[PDB]
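Q: My structure is in model_30.csv, and what it holds is CSV, C-alpha atoms:
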chain,number,residue,atom,x,y,z
A,1,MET,CA,-9.4,14.7,0.3
A,2,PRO,CA,-8.3,13.5,3.7
A,3,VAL,CA,-4.6,14.5,3.2
A,4,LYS,CA,-3.7,17.8,1.6
A,5,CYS,CA,-1.6,16.3,-1.2
A,6,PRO,CA,0.9,16.8,-2.3
A,7,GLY,CA,2.3,17.3,1.3
A,8,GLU,CA,5.1,16.0,3.6
A,9,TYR,CA,4.8,14.6,7.1
A,10,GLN,CA,7.0,13.0,9.9
A,11,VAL,CA,6.4,9.7,11.6
A,12,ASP,CA,8.6,8.1,14.3
A,13,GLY,CA,11.9,9.8,13.3
A,14,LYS,CA,11.1,9.4,9.6
A,15,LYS,CA,10.2,11.5,6.5
A,16,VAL,CA,7.2,10.6,4.3
A,17,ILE,CA,6.5,12.6,1.1
A,18,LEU,CA,3.2,12.5,-0.7
A,19,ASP,CA,2.8,13.5,-4.3
A,20,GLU,CA,-0.4,14.4,-6.2
A,21,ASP,CA,-3.2,12.0,-5.3
A,22,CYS,CA,-1.4,11.3,-2.1
A,23,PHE,CA,1.0,8.8,-3.9
A,24,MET,CA,4.0,7.3,-2.0
A,25,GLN,CA,7.1,8.9,-3.5
A,26,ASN,CA,9.7,7.6,-1.0
A,27,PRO,CA,9.9,3.8,-0.9
A,28,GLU,CA,13.4,4.3,0.6
A,29,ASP,CA,12.1,5.1,4.1
A,30,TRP,CA,9.0,2.8,4.0
A,31,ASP,CA,8.4,0.8,7.2
A,32,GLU,CA,5.6,-0.6,9.4
A,33,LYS,CA,4.9,2.8,10.9
A,34,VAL,CA,4.6,4.4,7.5
A,35,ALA,CA,2.3,1.8,5.9
A,36,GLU,CA,0.1,1.5,9.0
A,37,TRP,CA,0.1,5.4,9.2
A,38,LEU,CA,-1.4,6.0,5.8
A,39,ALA,CA,-3.7,3.1,6.2
A,40,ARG,CA,-4.9,4.5,9.5
A,41,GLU,CA,-5.6,8.0,8.0
A,42,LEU,CA,-7.4,6.5,5.0
A,43,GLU,CA,-9.2,3.3,6.1
A,44,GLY,CA,-8.9,4.2,9.9
A,45,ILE,CA,-7.3,0.8,10.7
A,46,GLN,CA,-5.6,1.4,14.1
A,47,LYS,CA,-3.9,-2.0,14.2
A,48,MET,CA,-2.8,-3.7,11.0
A,49,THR,CA,-4.3,-7.2,11.1
A,50,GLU,CA,-2.5,-10.3,9.9
A,51,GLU,CA,-4.3,-10.2,6.5
A,52,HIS,CA,-3.2,-6.6,5.5
A,53,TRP,CA,0.5,-7.4,6.1
A,54,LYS,CA,0.0,-10.8,4.5
A,55,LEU,CA,-1.0,-9.6,1.0
A,56,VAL,CA,1.2,-6.5,1.4
A,57,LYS,CA,4.1,-8.9,1.9
A,58,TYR,CA,3.5,-11.0,-1.2
A,59,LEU,CA,3.4,-7.8,-3.3
A,60,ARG,CA,6.6,-6.5,-1.8
A,61,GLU,CA,8.4,-9.6,-3.2
A,62,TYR,CA,7.0,-9.2,-6.8
A,63,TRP,CA,8.1,-5.5,-6.7
A,64,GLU,CA,11.7,-6.8,-6.5
A,65,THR,CA,11.6,-8.5,-10.0
A,66,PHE,CA,10.4,-5.7,-12.4
A,67,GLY,CA,9.0,-2.9,-10.3
A,68,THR,CA,5.3,-2.9,-11.0
A,69,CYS,CA,1.9,-3.7,-9.3
A,70,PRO,CA,-0.4,-6.2,-10.8
A,71,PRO,CA,-4.1,-6.7,-9.8
A,72,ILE,CA,-5.2,-9.3,-7.2
A,73,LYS,CA,-6.7,-11.8,-9.7
A,74,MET,CA,-3.3,-13.1,-10.8
A,75,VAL,CA,-1.8,-13.3,-7.3
A,76,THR,CA,-4.4,-15.9,-6.4
A,77,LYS,CA,-2.9,-18.3,-8.9
A,78,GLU,CA,-0.2,-18.8,-6.3
A,79,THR,CA,-1.7,-17.8,-2.9
A,80,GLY,CA,-5.3,-18.6,-2.1
A,81,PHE,CA,-7.1,-15.3,-1.4
A,82,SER,CA,-10.8,-14.5,-1.9
A,83,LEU,CA,-11.8,-11.4,-3.8
A,84,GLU,CA,-14.9,-11.1,-1.5
A,85,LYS,CA,-13.0,-11.0,1.8
A,86,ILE,CA,-10.4,-8.6,0.3
A,87,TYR,CA,-13.2,-6.4,-0.8
A,88,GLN,CA,-14.6,-6.0,2.7
A,89,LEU,CA,-11.1,-5.4,4.0
A,90,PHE,CA,-10.5,-2.6,1.5
A,91,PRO,CA,-12.6,0.3,0.2
A,92,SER,CA,-13.9,-1.5,-2.9
A,93,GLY,CA,-10.5,-1.3,-4.7
A,94,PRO,CA,-7.8,-3.7,-3.4
A,95,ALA,CA,-5.8,-3.0,-6.7
A,96,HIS,CA,-4.4,0.6,-6.3
A,97,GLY,CA,-5.2,0.3,-2.6
A,98,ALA,CA,-2.8,-2.5,-1.7
A,99,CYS,CA,0.1,-1.2,-3.8
A,100,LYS,CA,-0.5,2.3,-2.3
A,101,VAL,CA,0.1,0.9,1.3
A,102,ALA,CA,3.0,-1.1,0.0
A,103,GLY,CA,4.9,2.1,-1.1
A,104,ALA,CA,5.0,1.7,-4.9
A,105,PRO,CA,5.3,4.8,-7.1
A,106,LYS,CA,3.2,4.9,-10.3
A,107,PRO,CA,4.6,2.8,-13.2
A,108,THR,CA,4.6,4.8,-16.4
A,109,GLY,CA,1.5,6.9,-17.1
A,110,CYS,CA,1.9,9.7,-19.7
A,111,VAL,CA,-0.7,9.1,-22.4
Take the structure in this file and express it as structure tokens.

A:
Amino acid sequence: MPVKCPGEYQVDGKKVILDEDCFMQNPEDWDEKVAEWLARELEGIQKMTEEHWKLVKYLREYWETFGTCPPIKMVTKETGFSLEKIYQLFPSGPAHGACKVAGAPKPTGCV
């Protein structure tokens, strides 16, 4: 693993905590520096393009209705994104990838 999780870190006067599997467990202090930070340590992106913040923004709005993270095939019904382009933008897995950069804690595992 790239980041020794779980582990804590500091970014621009801020506190980011990472639980098992490097999961965001502090959506209260999420910002542009935190999202771009984890994305830079994982994908290596040094400058969040306009597409990353675009999809990341649409998801941030749906997380204010129930608090979950759907896939990327249903968001297209009201957006216009191509699964191919998103694939080259993410490491083959825009599902958990996007939500992760957004700062959404797991829904309800336990099985």

Q: Check the smallest atom-to-atom distance from each of A:58, A:23, A:63, A:90 to residue 45 in chain A using all atoms listed in the file, then report the winner.

A: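 That would be A:90, the residue with the smallest distance to residue 45 in chain A.
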
Q: Using all atoms listed in the file, can you list as a PDB file with C-alpha atoms, in the coordinates of the input the residues within 12 Å of (7.7, 9.5, -4.0)?

A:
ATOM      1  CA  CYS A   5      -1.600  16.300  -1.200  1.00  0.00           C
ATOM      2  CA  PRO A   6       0.900  16.800  -2.300  1.00  0.00           C
ATOM      3  CA  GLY A   7       2.300  17.300   1.300  1.00  0.00           C
ATOM      4  CA  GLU A   8       5.100  16.000   3.600  1.00  0.00           C
ATOM      5  CA  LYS A  15      10.200  11.500   6.500  1.00  0.00           C
ATOM      6  CA  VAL A  16       7.200  10.600   4.300  1.00  0.00           C
ATOM      7  CA  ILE A  17       6.500  12.600   1.100  1.00  0.00           C
ATOM      8  CA  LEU A  18       3.200  12.500  -0.700  1.00  0.00           C
ATOM      9  CA  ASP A  19       2.800  13.500  -4.300  1.00  0.00           C
ATOM     10  CA  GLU A  20      -0.400  14.400  -6.200  1.00  0.00           C
ATOM     11  CA  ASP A  21      -3.200  12.000  -5.300  1.00  0.00           C
ATOM     12  CA  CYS A  22      -1.400  11.300  -2.100  1.00  0.00           C
ATOM     13  CA  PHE A  23       1.000   8.800  -3.900  1.00  0.00           C
ATOM     14  CA  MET A  24       4.000   7.300  -2.000  1.00  0.00           C
ATOM     15  CA  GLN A  25       7.100   8.900  -3.500  1.00  0.00           C
ATOM     16  CA  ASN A  26       9.700   7.600  -1.000  1.00  0.00           C
ATOM     17  CA  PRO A  27       9.900   3.800  -0.900  1.00  0.00           C
ATOM     18  CA  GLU A  28      13.400   4.300   0.600  1.00  0.00           C
ATOM     19  CA  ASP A  29      12.100   5.100   4.100  1.00  0.00           C
ATOM     20  CA  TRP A  30       9.000   2.800   4.000  1.00  0.00           C
ATOM     21  CA  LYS A 100      -0.500   2.300  -2.300  1.00  0.00           C
ATOM     22  CA  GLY A 103       4.900   2.100  -1.100  1.00  0.00           C
ATOM     23  CA  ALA A 104       5.000   1.700  -4.900  1.00  0.00           C
ATOM     24  CA  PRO A 105       5.300   4.800  -7.100  1.00  0.00           C
ATOM     25  CA  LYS A 106       3.200   4.900 -10.300  1.00  0.00           C
ATOM     26  CA  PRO A 107       4.600   2.800 -13.200  1.00  0.00           C
TER      27      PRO A 107
END

Q: Give me, as a short mmCIF file (atom, residue, chain, number, x, y, z; two decimals) with C-alpha atoms, in the frame of the given file, all polymer residues having an atom no more than 10 Å from range 66-83 of chain A, counting all atoms listed in the file and skipping those fewer than 5 positions away in the same chain.

A:
data_model
loop_
_atom_site.label_atom_id
_atom_site.label_comp_id
_atom_site.auth_asym_id
_atom_site.auth_seq_id
_atom_site.Cartn_x
_atom_site.Cartn_y
_atom_site.Cartn_z
CA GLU A 51 -4.30 -10.20 6.50
CA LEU A 55 -1.00 -9.60 1.00
CA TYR A 58 3.50 -11.00 -1.20
CA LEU A 59 3.40 -7.80 -3.30
CA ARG A 60 6.60 -6.50 -1.80
CA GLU A 61 8.40 -9.60 -3.20
CA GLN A 88 -14.60 -6.00 2.70
CA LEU A 89 -11.10 -5.40 4.00
CA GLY A 93 -10.50 -1.30 -4.70
CA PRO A 94 -7.80 -3.70 -3.40
CA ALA A 95 -5.80 -3.00 -6.70
CA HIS A 96 -4.40 0.60 -6.30
CA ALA A 98 -2.80 -2.50 -1.70
CA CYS A 99 0.10 -1.20 -3.80
CA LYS A 100 -0.50 2.30 -2.30
CA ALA A 102 3.00 -1.10 0.00
CA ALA A 104 5.00 1.70 -4.90
CA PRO A 105 5.30 4.80 -7.10
CA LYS A 106 3.20 4.90 -10.30
CA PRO A 107 4.60 2.80 -13.20
CA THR A 108 4.60 4.80 -16.40
#

Q: With only C-alpha atoms as the atoms that count, which of A:91, A:109, A:2, A:13 lies nearest to residue 31 in chain A?

A: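 The closest residue to residue 31 in chain A is A:13.
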
Q: If you measure from CA of residue 3 in chain A to CA of residue 57 in chain A, what distance in Å do you get, rounded to one decimal?

A: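 Computing the Euclidean distance for CA of residue 3 in chain A and CA of residue 57 in chain A yields 25.0 Å.
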
Q: Any idea what the distance is between CA of residue 11 in chain A and CA of residue 46 in chain A?

A: 14.8 Å

Q: Quick check, in Å to one decimal: how far apart do CA of residue 85 in chain A and CA of residue 41 in chain A lie?

A: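 Between CA of residue 85 in chain A and CA of residue 41 in chain A the gap is 21.3 Å.
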
Q: Here is a test: counting only C-alpha atoms, which residue of A:84, A:12, A:36, A:43 is nearest to residue 56 in chain A?

A: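 Of A:84, A:12, A:36, A:43, the one nearest residue 56 in chain A is A:36, counting only C-alpha atoms.
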
Q: Please supply range 42-53 of chain A, rebuilt with N, CA, C and O atoms, as a CSV table (one decimal), in the coordinates of the input.

A:
chain,number,residue,atom,x,y,z
A,42,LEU,N,-6.4,6.7,6.1
A,42,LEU,CA,-7.4,6.5,5.0
A,42,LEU,C,-8.5,5.5,5.4
A,42,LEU,O,-9.7,5.9,5.5
A,43,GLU,N,-8.2,4.3,5.7
A,43,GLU,CA,-9.2,3.3,6.1
A,43,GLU,C,-9.6,3.5,7.6
A,43,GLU,O,-10.7,3.3,8.0
A,44,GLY,N,-8.6,4.0,8.4
A,44,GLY,CA,-8.9,4.2,9.9
A,44,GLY,C,-8.4,3.0,10.7
A,44,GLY,O,-8.4,3.0,11.9
A,45,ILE,N,-7.8,2.0,10.0
A,45,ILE,CA,-7.3,0.8,10.7
A,45,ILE,C,-6.3,1.3,11.8
A,45,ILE,O,-5.3,1.9,11.5
A,46,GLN,N,-6.6,1.0,13.0
A,46,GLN,CA,-5.6,1.4,14.1
A,46,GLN,C,-4.6,0.3,14.4
A,46,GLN,O,-3.5,0.6,14.8
A,47,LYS,N,-4.9,-0.9,14.0
A,47,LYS,CA,-3.9,-2.0,14.2
A,47,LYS,C,-3.9,-2.9,13.0
A,47,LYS,O,-4.7,-3.8,12.8
A,48,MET,N,-2.9,-2.8,12.2
A,48,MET,CA,-2.8,-3.7,11.0
A,48,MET,C,-3.0,-5.1,11.3
A,48,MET,O,-2.3,-5.7,12.1
A,49,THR,N,-4.0,-5.7,10.8
A,49,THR,CA,-4.3,-7.2,11.1
A,49,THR,C,-3.3,-8.1,10.5
A,49,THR,O,-2.3,-7.6,10.0
A,50,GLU,N,-3.5,-9.4,10.5
A,50,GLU,CA,-2.5,-10.3,9.9
A,50,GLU,C,-2.8,-10.4,8.4
A,50,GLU,O,-1.9,-10.8,7.6
A,51,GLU,N,-4.0,-10.1,7.9
A,51,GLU,CA,-4.3,-10.2,6.5
A,51,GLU,C,-3.7,-9.0,5.7
A,51,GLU,O,-3.1,-9.2,4.7
A,52,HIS,N,-3.8,-7.8,6.2
A,52,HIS,CA,-3.2,-6.6,5.5
A,52,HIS,C,-1.7,-6.9,5.3
A,52,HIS,O,-1.2,-6.7,4.2
A,53,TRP,N,-1.0,-7.2,6.3
A,53,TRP,CA,0.5,-7.4,6.1
A,53,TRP,C,0.7,-8.7,5.3
A,53,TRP,O,1.7,-8.8,4.6
